[PDB]
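As structure tokens, the structure follows; a few thoughts come after it.
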Amino acid sequence: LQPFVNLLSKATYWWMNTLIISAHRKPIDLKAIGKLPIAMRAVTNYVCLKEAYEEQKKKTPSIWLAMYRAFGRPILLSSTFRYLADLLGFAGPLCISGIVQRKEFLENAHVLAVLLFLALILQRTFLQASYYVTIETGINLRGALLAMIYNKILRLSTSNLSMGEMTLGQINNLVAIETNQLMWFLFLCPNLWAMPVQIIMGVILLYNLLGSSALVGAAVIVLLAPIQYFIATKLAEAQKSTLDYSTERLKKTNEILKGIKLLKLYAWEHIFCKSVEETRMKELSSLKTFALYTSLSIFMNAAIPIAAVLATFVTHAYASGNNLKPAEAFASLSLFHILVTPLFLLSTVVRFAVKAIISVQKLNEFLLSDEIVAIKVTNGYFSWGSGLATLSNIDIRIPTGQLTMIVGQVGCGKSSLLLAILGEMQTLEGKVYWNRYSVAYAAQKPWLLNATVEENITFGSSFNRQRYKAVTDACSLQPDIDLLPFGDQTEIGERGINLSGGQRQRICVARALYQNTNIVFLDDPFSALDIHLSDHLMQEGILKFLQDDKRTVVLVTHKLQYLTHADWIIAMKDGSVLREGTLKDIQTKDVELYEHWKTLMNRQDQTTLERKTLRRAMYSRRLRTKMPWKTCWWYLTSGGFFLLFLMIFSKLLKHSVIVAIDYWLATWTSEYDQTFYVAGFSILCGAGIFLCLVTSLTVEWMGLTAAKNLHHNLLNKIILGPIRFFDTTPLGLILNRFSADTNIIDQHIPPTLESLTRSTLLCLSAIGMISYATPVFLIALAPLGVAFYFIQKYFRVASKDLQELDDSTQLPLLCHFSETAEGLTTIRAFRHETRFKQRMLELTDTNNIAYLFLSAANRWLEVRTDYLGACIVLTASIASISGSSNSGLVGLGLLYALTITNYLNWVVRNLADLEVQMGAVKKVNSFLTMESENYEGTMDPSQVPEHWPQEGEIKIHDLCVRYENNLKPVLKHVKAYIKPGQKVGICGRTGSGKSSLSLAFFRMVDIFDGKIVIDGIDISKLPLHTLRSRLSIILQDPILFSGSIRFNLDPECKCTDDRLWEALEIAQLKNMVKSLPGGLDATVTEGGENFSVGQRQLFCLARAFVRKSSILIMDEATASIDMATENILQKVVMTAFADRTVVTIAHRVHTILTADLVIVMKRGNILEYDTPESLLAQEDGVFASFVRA
Ligand SMILES: CCOc1cc(CC(=O)N[C@@H](CC(C)C)c2ccccc2N2CCCCC2)ccc1C(=O)O
Ligand SMILES: Nc1ncnc2c1ncn2[C@@H]1O[C@H](COP(=O)(O)OP(=O)(O)OP(=O)(O)O)[C@@H](O)[C@H]1O
Ligand SMILES: Nc1ncnc2c1ncn2[C@@H]1O[C@H](COP(=O)(O)OP(=O)(O)OP(=O)(O)O)[C@@H](O)[C@H]1O
Ligand SMILES: [Mg+2]
Ligand SMILES: [Mg+2]
């Protein structure tokens, strides 16, 4: 008997109840979820799919055939279940038919009720079994496809001809969209055959029950599918347009957030906010058409059935000598309700099928793509697939266990030489011998995972504290490591703590040196290394650390230095080897080349600067079940009480009119001329259509209004927020507040809310109507209501947890595919292919199990609610037949009871989804409630002179500065009197609050004690906007936002182009802009990458000049600037700003030695404030010490 109960559980999902029930006590952890059965592990599915694919290739290969060969049987089983389920589900109307017309005891009207109950249960259990089988096969297919494309990625080539700039984009698209769409098509595949059969059977049954008259209604409903497909295509068009505008808006917002401090300093936040508001306006303009089409689709879906009913019944009434019977009428109405959904969804199935065909074509295109004495090579010719040997006559030899160096000119091919020796490119002729063992490789372009530093260093190697410390010290990486927030175990790479090129390549070199292997390749590890660091790495790392290990080291470096240490040297030229040998060998054979090295060698602070920027970033650092009804009400009200009332009233009236239509039909059928009834029915149907249209339009209007209001208010509040907000909160979350949350509010909330309200109203109306026909039904209803409440609670909590876990598991998979897509050369050099493949299998298995359990929970909820609906139908039917009432009311009760089962689960599912989305709404609403700054100014703007800062007098009175309240004041008792028309120099030990002093000048940081006085007006006693408007500033790293040169010079557009030209001339940038096309109107890319760093500084100086601040502040402007550019900067500061007041945060003292006066800072203390010449001649203080060095 055990098999019977086992199958029952596998059908009623009894295994899901323990996880779902426990969902309350503990969040659904990955461990809590049992691992995938070996029958469903991604590895096995990949094996089967590869077998099928190779069988196809044995006879150009097509994926579709392989997918069939792999997963046909589950699909056939699913189709069998689906066909049986639909065939049984056609029993509903037939049973209603026979019960209303109430040894062939089937007419007894009692046995038929239990027959209907059992048939409904069997139908729905089979249908859910089919859903689950197709879900499982689809997820298996997704796992197999991901594994297959991952293997392809691992075997991909790196030729620039093949792997273009868009190759990584294509791979991300495949993993994120194409595979998912193919999975969805696999989910929906059974429908593609179960829908047309269902529709045909429905039409045949309609003809049998109601005769040729029902043909009109059949045609009217069949017209639903083309309409749905057309409006769906238009909707997709509008959605693409909205996606384009949304991407533009997101780019603008992201650039704004990054460097927000700069915008606040320039006081330009308002103009950027206005531009983003314009972008949002266009986005909303497109979203309005999207909403129009969505509303049209909903209206058609909810009205075409009414039109079909109207046409059918009017035609039958006017074209039948026999008056309309009740049983036939209600059976036909139930059949229409059965057929509406399949027709409404066949169009979506077709769209998914087309998208899947496109996706499979794209995946096939991807797959059919190109792919690939320690060492000696003889007669080696290699190319990058161009057909022309990029390397020729490769007679290289790599002596075992000895340092080897490769020298050459720019773009000689040494990097290509290493790649070819790795076998990473086609070998036209010649062979390479290994005497393959894995080789430690540090790519010319450094590469890093998204794991922490420890993972990068180990890279899967067993941890050894001794080796880790030794290599870290050898590469001088310990300090910068300590600078990190968590030191080690600190995420780095694209998503983690951003690192400069020097640090990245140092980490890569550390990885290479740590990894235990006999062969090490270092491709110019000194790309951005200072002399001291490079020398330390060479002496301690390259030689000693590997001398002990007796490794074989091949080094590629432009810097001819250190060649003395190298045992063997290689000379290359134009993708060919001039000579190979030691220094003595080259000297003997090629004197000219030997001397040429000395000739070039004889004709010969970034690291410290880099760490300073890194250290600056480090300065800053029960019942999870109840939905947020407060937040949902806040959202609903956001649109406006008028719109909310209109929506509610319209929907209530629509459902009242629909139930009125049904009751009118019942009363009409009561009898057993018809003009009165038909006229009434027609007017009712017209009113219903009108109300459907009105309610759809109203819900969409409410959605649009709410989205616009919420987004606008959020952007205003965030932009008007204090700097600390962005300093603490990671930029990622703030950006996500507009990336996803806004997308959800725009697109998901309105449709989901409309569906939830419609389902709730339909369920309530059905219950009320069956009670009206069957007053005794409520007694049986109440326990069912209790069960419904419990199911609602459990499923809502479980689904929330499962969905969140699914997303958290998915994100690492995309991250890993993106990472492995890059650095393929590095992985293949380490030959860690197996490790990464296993990692991918683990990640995909976890994601698949999460998704599968989410779908299984959905199935469990469906089965429970469906047994509930079956009990409802049984009780309603039995009570009605037993109860004495008019036949029409009996038919109405049976019809509504049968229907209620379709919506009884949609109500709860939409409720859960709306809860999840209200989560995001709460996120946004809470985020926009953050307190703003004291923009109000105590003094009247008129009282403060318009040209207030012209004089340039500044005083400091015992100032104290604190970044945040309750923290130690970085500045204390800071007093300073800066004479107008004076130059002020500031220098001291790093971290002495110089930039803090500048921020205090700009009010950015709180002035807890003391004051800053300019022109006799306290800075605090003034609007911060006014202060920032008429003050200049030159940050250390200038940033320019995407747009024209005019926009950067003056977003306010207040000054004439003559002023801009004069500013660019004085800033020495007039010729630079003139040479570039477009002149003043030339475009600029985001972040100022279009121009050189010195040009960015010139742009900043031009901004200062045009601002006419009368003041000037420089925060180590010369830092990270070319010496000639630094001299130009000094000249322009000295001459152009002669009449202005200059305050400089001197990165280097000698640049500010000429300042009229200097200030010495130390731990928030003004140790010295005099002329720099006097301080040097007075005492040998701190200023004298660092300035002398
Ligand atoms: C994650 C998707 O897992 C499922 C997968 C399925 C498989 C399936 O034949 N769908 C039919 C719906 C049935 C009732 C007609 C369908 C067809 C076309 C468009 C959408 C849809 N449906 C898509 C989801 C359910 C609502 C409309 C069912 C149900 C689920 C589910 O999660 O409940
Ligand atoms: N992966 C690649 N695919 C295609 N062509 C490549 C690839 N790598 C290099 N090349 C081309 O091969 C030639 C030499 O490139 P390579 O990087 O090997 O030279 P190099 O002397 O090491 O240069 P570098 O100054 O960048 O260190 C150039 O034409 C370069 O464009
Ligand atoms: N964002 C911040 N939040 C809180 N405290 C900060 C922040 N930035 C700096 N501090 C504190 O202020 C001290 C000095 O700040 P600041 O960067 O202005 O000084 P500095 O001497 O000009 O430094 P730098 O070397 O960057 O020019 C830091 O040591 C830290 O104590
Ligand atoms: Mg190179
Ligand atoms: Mg500073």
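In the structure tokens, chains take the letters A, B, ... in the order shown, each chain's residues start at 1, and ligands count up from 1 in the order shown.
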* To do: May I have the residues within 10 Å of ligand 4, computed using only C-alpha atoms and all ligand atoms, as a PyMOL selection string?
  => chain A and resi 410-419+443-445+523-524+556-557
Can you write out the residues you just picked, keeping N, CA and C atoms, as a PDB file, in the first residue's frame?
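The new file again.pdb reads:
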ATOM      1  N   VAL A 410      57.796  48.571 -28.210  1.00  0.00           N
ATOM      2  CA  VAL A 410      56.358  48.626 -27.992  1.00  0.00           C
ATOM      3  C   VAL A 410      55.647  47.821 -29.068  1.00  0.00           C
ATOM      4  N   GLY A 411      54.708  46.981 -28.640  1.00  0.00           N
ATOM      5  CA  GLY A 411      53.969  46.155 -29.578  1.00  0.00           C
ATOM      6  C   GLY A 411      54.840  45.206 -30.364  1.00  0.00           C
ATOM      7  N   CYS A 412      55.947  44.749 -29.777  1.00  0.00           N
ATOM      8  CA  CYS A 412      56.840  43.835 -30.478  1.00  0.00           C
ATOM      9  C   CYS A 412      56.198  42.466 -30.666  1.00  0.00           C
ATOM     10  N   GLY A 413      55.526  41.959 -29.634  1.00  0.00           N
ATOM     11  CA  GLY A 413      54.875  40.667 -29.710  1.00  0.00           C
ATOM     12  C   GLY A 413      55.167  39.781 -28.517  1.00  0.00           C
ATOM     13  N   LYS A 414      55.994  40.272 -27.596  1.00  0.00           N
ATOM     14  CA  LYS A 414      56.373  39.503 -26.417  1.00  0.00           C
ATOM     15  C   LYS A 414      55.144  38.965 -25.697  1.00  0.00           C
ATOM     16  N   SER A 415      54.119  39.801 -25.533  1.00  0.00           N
ATOM     17  CA  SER A 415      52.865  39.308 -24.976  1.00  0.00           C
ATOM     18  C   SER A 415      52.292  38.203 -25.853  1.00  0.00           C
ATOM     19  N   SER A 416      52.293  38.418 -27.169  1.00  0.00           N
ATOM     20  CA  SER A 416      51.861  37.366 -28.078  1.00  0.00           C
ATOM     21  C   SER A 416      52.767  36.151 -27.982  1.00  0.00           C
ATOM     22  N   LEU A 417      54.062  36.357 -27.735  1.00  0.00           N
ATOM     23  CA  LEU A 417      54.962  35.221 -27.579  1.00  0.00           C
ATOM     24  C   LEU A 417      54.548  34.364 -26.391  1.00  0.00           C
ATOM     25  N   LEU A 418      54.265  35.001 -25.254  1.00  0.00           N
ATOM     26  CA  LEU A 418      53.819  34.251 -24.085  1.00  0.00           C
ATOM     27  C   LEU A 418      52.508  33.533 -24.369  1.00  0.00           C
ATOM     28  N   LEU A 419      51.562  34.228 -25.001  1.00  0.00           N
ATOM     29  CA  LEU A 419      50.279  33.598 -25.295  1.00  0.00           C
ATOM     30  C   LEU A 419      50.456  32.384 -26.200  1.00  0.00           C
ATOM     31  N   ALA A 443      48.660  38.261 -16.268  1.00  0.00           N
ATOM     32  CA  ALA A 443      48.360  38.872 -17.553  1.00  0.00           C
ATOM     33  C   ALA A 443      48.797  40.330 -17.579  1.00  0.00           C
ATOM     34  N   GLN A 444      49.230  40.813 -18.750  1.00  0.00           N
ATOM     35  CA  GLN A 444      49.598  42.213 -18.925  1.00  0.00           C
ATOM     36  C   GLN A 444      48.495  43.124 -18.410  1.00  0.00           C
ATOM     37  N   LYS A 445      47.226  42.732 -18.690  1.00  0.00           N
ATOM     38  CA  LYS A 445      46.091  43.413 -18.090  1.00  0.00           C
ATOM     39  C   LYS A 445      45.706  42.660 -16.825  1.00  0.00           C
ATOM     40  N   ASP A 523      54.096  39.086 -17.125  1.00  0.00           N
ATOM     41  CA  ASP A 523      54.020  39.927 -18.318  1.00  0.00           C
ATOM     42  C   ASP A 523      54.037  41.385 -17.869  1.00  0.00           C
ATOM     43  N   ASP A 524      55.242  41.941 -17.748  1.00  0.00           N
ATOM     44  CA  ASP A 524      55.440  43.323 -17.326  1.00  0.00           C
ATOM     45  C   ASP A 524      54.658  43.607 -16.051  1.00  0.00           C
ATOM     46  N   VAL A 556      58.885  39.412 -18.725  1.00  0.00           N
ATOM     47  CA  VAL A 556      58.744  40.344 -19.837  1.00  0.00           C
ATOM     48  C   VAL A 556      58.645  41.740 -19.249  1.00  0.00           C
ATOM     49  N   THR A 557      59.562  42.620 -19.643  1.00  0.00           N
ATOM     50  CA  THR A 557      59.596  43.969 -19.100  1.00  0.00           C
ATOM     51  C   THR A 557      60.229  44.914 -20.107  1.00  0.00           C
TER      52      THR A 557
END
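With a cut-off of 8 Å and using only C-alpha atoms and all ligand atoms, the polymer residues contacting ligand 1 are residues 131, 132, 134, 135, 184, 187, 188, 189, 190, 191, 195, 341, 342, 345, 346, 347, 348, 349, 855, 858, 859 and 862 of chain A.
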* **8 Å contact set for region 922-925 of chain A, only C-alpha atoms, chain neighbours under 5 positions out, as a ChimeraX atom specification** => /A:628,631,710,714,737,741
Would you name the residues within 12 Å of ligand 5, counting only C-alpha atoms and all ligand atoms, and put them as a compact mmCIF listing (two decimals) with N, CA, C and O atoms, in the first residue's frame?
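Below you can see result14.txt, which holds the result:
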# COMPACT_ATOMS: atom_id res chain seq x y z
N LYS A 612 47.02 57.20 -0.34
CA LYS A 612 46.30 58.30 0.30
C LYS A 612 44.84 58.32 -0.13
O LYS A 612 43.94 58.48 0.71
N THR A 613 44.58 58.15 -1.42
CA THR A 613 43.20 58.06 -1.88
C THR A 613 42.49 56.86 -1.27
O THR A 613 41.33 56.95 -0.86
N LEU A 614 43.19 55.72 -1.21
CA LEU A 614 42.59 54.53 -0.61
C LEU A 614 42.28 54.76 0.87
O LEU A 614 41.22 54.36 1.35
N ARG A 615 43.20 55.40 1.59
CA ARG A 615 42.96 55.67 3.00
C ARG A 615 41.82 56.67 3.20
O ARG A 615 41.08 56.57 4.18
N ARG A 616 41.68 57.63 2.29
CA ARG A 616 40.59 58.59 2.41
C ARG A 616 39.23 57.90 2.36
O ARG A 616 38.32 58.23 3.13
N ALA A 617 39.07 56.93 1.46
CA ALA A 617 37.81 56.20 1.37
C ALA A 617 37.48 55.48 2.67
O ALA A 617 36.31 55.26 2.98
N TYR A 619 38.07 56.55 5.72
CA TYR A 619 37.81 57.43 6.85
C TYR A 619 36.43 57.18 7.44
O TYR A 619 36.28 57.07 8.67
N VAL A 970 37.58 66.98 14.50
CA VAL A 970 38.83 66.93 13.75
C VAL A 970 39.56 68.26 13.86
O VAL A 970 40.80 68.30 13.90
N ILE A 986 48.71 75.83 2.73
CA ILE A 986 48.42 74.89 3.81
C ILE A 986 49.15 73.59 3.53
O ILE A 986 49.05 73.04 2.42
N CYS A 987 49.89 73.09 4.52
CA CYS A 987 50.60 71.84 4.39
C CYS A 987 50.76 71.22 5.77
O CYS A 987 50.67 71.90 6.80
N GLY A 988 50.98 69.91 5.79
CA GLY A 988 51.15 69.19 7.03
C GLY A 988 51.06 67.70 6.81
O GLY A 988 50.88 67.23 5.68
N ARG A 989 51.18 66.97 7.91
CA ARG A 989 51.06 65.52 7.85
C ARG A 989 49.68 65.13 7.35
O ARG A 989 48.68 65.78 7.67
N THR A 990 49.63 64.07 6.55
CA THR A 990 48.37 63.63 5.97
C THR A 990 47.34 63.35 7.05
O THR A 990 47.66 62.76 8.09
N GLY A 991 46.11 63.79 6.82
CA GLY A 991 45.05 63.59 7.78
C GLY A 991 44.94 64.68 8.83
O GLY A 991 44.30 64.46 9.86
N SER A 992 45.53 65.85 8.59
CA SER A 992 45.47 66.96 9.53
C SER A 992 44.27 67.86 9.29
O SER A 992 44.27 69.01 9.72
N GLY A 993 43.25 67.36 8.60
CA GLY A 993 42.02 68.12 8.41
C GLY A 993 42.16 69.36 7.56
O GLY A 993 41.48 70.37 7.83
N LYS A 994 43.01 69.33 6.53
CA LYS A 994 43.08 70.45 5.60
C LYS A 994 41.85 70.49 4.71
O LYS A 994 41.14 71.51 4.64
N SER A 995 41.57 69.38 4.02
CA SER A 995 40.32 69.28 3.27
C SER A 995 39.12 69.50 4.18
O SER A 995 38.10 70.05 3.73
N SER A 996 39.21 69.10 5.44
CA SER A 996 38.15 69.40 6.39
C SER A 996 38.01 70.90 6.58
O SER A 996 36.89 71.42 6.69
N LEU A 997 39.13 71.62 6.62
CA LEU A 997 39.07 73.07 6.73
C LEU A 997 38.39 73.68 5.51
O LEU A 997 37.58 74.61 5.63
N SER A 998 38.70 73.16 4.32
CA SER A 998 38.03 73.65 3.11
C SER A 998 36.53 73.38 3.18
O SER A 998 35.71 74.26 2.86
N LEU A 999 36.15 72.18 3.60
CA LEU A 999 34.73 71.86 3.72
C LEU A 999 34.04 72.79 4.71
O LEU A 999 32.92 73.24 4.47
N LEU A 1035 38.84 70.75 -6.73
CA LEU A 1035 39.07 69.47 -6.09
C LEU A 1035 40.34 68.83 -6.65
O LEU A 1035 40.83 69.19 -7.72
N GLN A 1036 40.87 67.86 -5.90
CA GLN A 1036 42.09 67.19 -6.32
C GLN A 1036 41.89 66.48 -7.65
O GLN A 1036 42.76 66.54 -8.54
N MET A 1114 42.11 75.53 -3.54
CA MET A 1114 42.73 74.42 -4.26
C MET A 1114 43.04 73.31 -3.26
O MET A 1114 43.73 73.54 -2.26
N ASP A 1115 42.55 72.11 -3.55
CA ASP A 1115 42.77 70.93 -2.72
C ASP A 1115 43.76 70.04 -3.46
O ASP A 1115 43.38 69.17 -4.24
N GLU A 1116 45.05 70.27 -3.20
CA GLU A 1116 46.15 69.56 -3.85
C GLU A 1116 45.83 69.32 -5.33
O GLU A 1116 45.79 68.19 -5.82
N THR A 1144 45.35 77.23 -0.75
CA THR A 1144 45.83 76.01 -1.37
C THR A 1144 46.14 74.97 -0.30
O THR A 1144 46.71 75.28 0.75
N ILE A 1145 45.76 73.73 -0.59
CA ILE A 1145 46.14 72.58 0.24
C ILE A 1145 47.33 71.95 -0.46
O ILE A 1145 47.19 71.07 -1.31
N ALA A 1146 48.52 72.41 -0.10
CA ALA A 1146 49.74 72.04 -0.82
C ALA A 1146 50.04 70.56 -0.61
O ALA A 1146 50.39 70.14 0.49
N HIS A 1147 49.91 69.77 -1.68
CA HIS A 1147 50.41 68.40 -1.64
C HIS A 1147 51.92 68.40 -1.43
O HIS A 1147 52.45 67.59 -0.65
N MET A 1161 49.33 72.70 9.66
CA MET A 1161 48.29 71.97 10.36
C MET A 1161 48.88 70.71 10.99
O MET A 1161 49.79 70.08 10.44
N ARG A 1163 47.02 67.59 13.50
CA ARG A 1163 45.98 67.03 14.36
C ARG A 1163 44.93 68.09 14.70
O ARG A 1163 44.50 68.24 15.85
N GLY A 1164 44.52 68.83 13.68
CA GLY A 1164 43.54 69.89 13.88
C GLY A 1164 44.07 71.07 14.66
O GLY A 1164 43.29 71.76 15.33
* To do: For residue 287 (chain A), work out the shell of residues within 12 Å, counting only C-alpha atoms and skipping chain neighbours fewer than 6 positions away, then give it as a VMD selection string.
  => chain A and resid 235 to 246 280 to 281 293 to 295 700 to 701 703 to 705 707 to 708 743 745 to 747
Resulting file, chosen residues, N, CA and C atoms, as a PDB file, in the first residue's frame:
ATOM      1  N   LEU A 235       2.558  46.548 -27.028  1.00  0.00           N
ATOM      2  CA  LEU A 235       3.043  46.719 -25.666  1.00  0.00           C
ATOM      3  C   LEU A 235       4.541  46.480 -25.589  1.00  0.00           C
ATOM      4  N   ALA A 236       5.031  45.455 -26.282  1.00  0.00           N
ATOM      5  CA  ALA A 236       6.466  45.192 -26.290  1.00  0.00           C
ATOM      6  C   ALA A 236       7.224  46.349 -26.924  1.00  0.00           C
ATOM      7  N   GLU A 237       6.679  46.915 -28.001  1.00  0.00           N
ATOM      8  CA  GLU A 237       7.291  48.096 -28.604  1.00  0.00           C
ATOM      9  C   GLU A 237       7.398  49.232 -27.591  1.00  0.00           C
ATOM     10  N   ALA A 238       6.279  49.558 -26.944  1.00  0.00           N
ATOM     11  CA  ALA A 238       6.287  50.637 -25.965  1.00  0.00           C
ATOM     12  C   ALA A 238       7.251  50.332 -24.829  1.00  0.00           C
ATOM     13  N   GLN A 239       7.351  49.062 -24.440  1.00  0.00           N
ATOM     14  CA  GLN A 239       8.235  48.697 -23.343  1.00  0.00           C
ATOM     15  C   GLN A 239       9.694  48.852 -23.741  1.00  0.00           C
ATOM     16  N   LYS A 240      10.032  48.544 -24.992  1.00  0.00           N
ATOM     17  CA  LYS A 240      11.391  48.804 -25.455  1.00  0.00           C
ATOM     18  C   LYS A 240      11.700  50.293 -25.418  1.00  0.00           C
ATOM     19  N   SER A 241      10.751  51.122 -25.858  1.00  0.00           N
ATOM     20  CA  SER A 241      10.968  52.567 -25.800  1.00  0.00           C
ATOM     21  C   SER A 241      11.196  53.023 -24.360  1.00  0.00           C
ATOM     22  N   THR A 242      10.344  52.552 -23.448  1.00  0.00           N
ATOM     23  CA  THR A 242      10.483  52.918 -22.046  1.00  0.00           C
ATOM     24  C   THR A 242      11.790  52.405 -21.469  1.00  0.00           C
ATOM     25  N   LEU A 243      12.253  51.238 -21.914  1.00  0.00           N
ATOM     26  CA  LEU A 243      13.533  50.725 -21.444  1.00  0.00           C
ATOM     27  C   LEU A 243      14.678  51.616 -21.897  1.00  0.00           C
ATOM     28  N   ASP A 244      14.631  52.090 -23.142  1.00  0.00           N
ATOM     29  CA  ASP A 244      15.659  53.017 -23.607  1.00  0.00           C
ATOM     30  C   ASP A 244      15.686  54.271 -22.742  1.00  0.00           C
ATOM     31  N   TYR A 245      14.518  54.880 -22.535  1.00  0.00           N
ATOM     32  CA  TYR A 245      14.479  56.096 -21.727  1.00  0.00           C
ATOM     33  C   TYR A 245      14.916  55.820 -20.294  1.00  0.00           C
ATOM     34  N   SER A 246      14.534  54.664 -19.750  1.00  0.00           N
ATOM     35  CA  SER A 246      14.921  54.313 -18.392  1.00  0.00           C
ATOM     36  C   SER A 246      16.427  54.140 -18.278  1.00  0.00           C
ATOM     37  N   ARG A 280      12.911  61.925 -16.905  1.00  0.00           N
ATOM     38  CA  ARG A 280      11.785  61.218 -16.311  1.00  0.00           C
ATOM     39  C   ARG A 280      10.476  61.608 -16.974  1.00  0.00           C
ATOM     40  N   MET A 281      10.351  62.862 -17.405  1.00  0.00           N
ATOM     41  CA  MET A 281       9.143  63.290 -18.100  1.00  0.00           C
ATOM     42  C   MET A 281       8.977  62.526 -19.404  1.00  0.00           C
ATOM     43  N   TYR A 293      -1.852  50.721 -23.663  1.00  0.00           N
ATOM     44  CA  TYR A 293      -1.969  49.409 -24.294  1.00  0.00           C
ATOM     45  C   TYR A 293      -2.269  48.321 -23.267  1.00  0.00           C
ATOM     46  N   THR A 294      -1.663  48.398 -22.081  1.00  0.00           N
ATOM     47  CA  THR A 294      -1.986  47.422 -21.042  1.00  0.00           C
ATOM     48  C   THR A 294      -3.460  47.493 -20.663  1.00  0.00           C
ATOM     49  N   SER A 295      -3.977  48.708 -20.488  1.00  0.00           N
ATOM     50  CA  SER A 295      -5.382  48.878 -20.151  1.00  0.00           C
ATOM     51  C   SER A 295      -6.273  48.361 -21.265  1.00  0.00           C
ATOM     52  N   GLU A 700      -4.972  52.273 -14.560  1.00  0.00           N
ATOM     53  CA  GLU A 700      -3.702  52.648 -15.173  1.00  0.00           C
ATOM     54  C   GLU A 700      -3.356  54.108 -14.894  1.00  0.00           C
ATOM     55  N   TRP A 701      -4.355  54.992 -14.904  1.00  0.00           N
ATOM     56  CA  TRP A 701      -4.096  56.392 -14.591  1.00  0.00           C
ATOM     57  C   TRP A 701      -3.556  56.536 -13.178  1.00  0.00           C
ATOM     58  N   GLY A 703      -1.922  54.288 -11.502  1.00  0.00           N
ATOM     59  CA  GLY A 703      -0.560  53.780 -11.480  1.00  0.00           C
ATOM     60  C   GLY A 703       0.441  54.799 -11.987  1.00  0.00           C
ATOM     61  N   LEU A 704       0.138  55.423 -13.127  1.00  0.00           N
ATOM     62  CA  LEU A 704       1.056  56.410 -13.690  1.00  0.00           C
ATOM     63  C   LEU A 704       1.256  57.582 -12.738  1.00  0.00           C
ATOM     64  N   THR A 705       0.159  58.114 -12.193  1.00  0.00           N
ATOM     65  CA  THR A 705       0.277  59.263 -11.304  1.00  0.00           C
ATOM     66  C   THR A 705       1.117  58.921 -10.083  1.00  0.00           C
ATOM     67  N   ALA A 707       3.411  56.589  -9.779  1.00  0.00           N
ATOM     68  CA  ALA A 707       4.807  56.422 -10.157  1.00  0.00           C
ATOM     69  C   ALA A 707       5.494  57.771 -10.297  1.00  0.00           C
ATOM     70  N   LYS A 708       4.856  58.701 -11.010  1.00  0.00           N
ATOM     71  CA  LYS A 708       5.478  60.002 -11.231  1.00  0.00           C
ATOM     72  C   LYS A 708       5.717  60.721  -9.910  1.00  0.00           C
ATOM     73  N   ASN A 743      11.495  50.824 -11.213  1.00  0.00           N
ATOM     74  CA  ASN A 743      10.942  49.970 -12.257  1.00  0.00           C
ATOM     75  C   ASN A 743       9.746  49.186 -11.741  1.00  0.00           C
ATOM     76  N   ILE A 745       7.731  49.945  -9.207  1.00  0.00           N
ATOM     77  CA  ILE A 745       6.613  50.856  -8.989  1.00  0.00           C
ATOM     78  C   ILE A 745       5.953  51.214 -10.311  1.00  0.00           C
ATOM     79  N   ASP A 746       6.757  51.449 -11.345  1.00  0.00           N
ATOM     80  CA  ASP A 746       6.202  51.847 -12.631  1.00  0.00           C
ATOM     81  C   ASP A 746       5.385  50.724 -13.253  1.00  0.00           C
ATOM     82  N   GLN A 747       5.953  49.522 -13.327  1.00  0.00           N
ATOM     83  CA  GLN A 747       5.421  48.483 -14.203  1.00  0.00           C
ATOM     84  C   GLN A 747       4.679  47.366 -13.489  1.00  0.00           C
TER      85      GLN A 747
END
* Asked: Excluding same-chain residues fewer than 3 positions from region 895-911 of chain A, what lies within 9 Å of it counting only C-alpha atoms, as a PyMOL selection string?
  -> chain A and resi 92-93+96+120+330-331+333-334+337-338+752-753+755-760+762-763+765-767+769-770+788+791-792+795-796+858+861-862+864-870+872-874+876-877+890-892+914-916
* Mind checking which residues fall within 8 Å of region 934-944 of chain A, counting only C-alpha atoms, ignoring those fewer than 6 positions away in the same chain, and posting them as a list in words? =>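 The residues that qualify are residues 1017, 1020, 1021, 1022, 1023, 1024 and 1025 of chain A.
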* **Residue among A:389, A:221, A:36, A:694 lying closest to ligand 2, counting only C-alpha atoms and all ligand atoms** => A:389
* Which residues come within 12 Å of residue 208 (chain A), counting only C-alpha atoms, excluding same-chain residues fewer than 2 positions away, as a list in words? ->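 Once the adjacent positions are removed, what remains is residues 94, 97, 201, 202, 203, 204, 205, 206, 210, 211, 212, 213, 214, 215, 328, 331, 332 and 335 of chain A.
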